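Contents: one structure, followed by commentary.
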Amino acid sequence: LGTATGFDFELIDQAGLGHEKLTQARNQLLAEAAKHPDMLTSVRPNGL
Amino acid sequence: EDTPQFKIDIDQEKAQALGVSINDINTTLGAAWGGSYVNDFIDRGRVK
């Protein structure tokens with residue numbers, strides 16, 4: 001199973017953008033989820 | 001209903017005398033007139 005008080009999120013490129021266009025969308029989302037410390041903690045990517 | 005169709009009649013004695021094989025007579029006939037699937041490529045990240 002997973003965990004309680006914890007989510008599991010996907011980030012799909014549904015327009016054929018690429019891998020370097022998806023990493024820049026991935027880093028934009030994480031750097032924006034780090035400025036909400038009172039709502040979101042321990043946000044990270046799962047891959048490499 | 002049964003249509004006219006164009007029978008082409010390869011001679012393999014007369015081809016052997018000229019130096020061609022039927023491993024590229026039938027390919028030149030088949031890939032030009034019918035079309036040949038060679039391999040795959042990548043088109044915006046999709047195998048086509």
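Key figures
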read-out	value
Any hit, the range B:24-38, residues being loosely packed, with under 10 Cβ neighbours inside 10 Å and within 30 Å of A:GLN14 (Cα to Cα)	yes
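This table checks each residue for (1) more than 10 Å from the chain's Cα centre (by Cα); (2) of a type outside the set (D, E, K, R); (3) more than 24 Å from B:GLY45 (Cβ to Cβ).
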residue	(1), (2), (3)
A:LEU1	yes, yes, yes
A:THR5	yes, yes, yes
A:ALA33	no, yes, yes
A:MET39	yes, yes, yes
A:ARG44	no, no, yes
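Counting neighbours? That spans all protein chains shown, and the Cβs are built from the backbone with ideal geometry, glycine included. Values quoted throughout were computed directly from the atomic coordinates according to the rules given, and no laboratory measurement underlies them.
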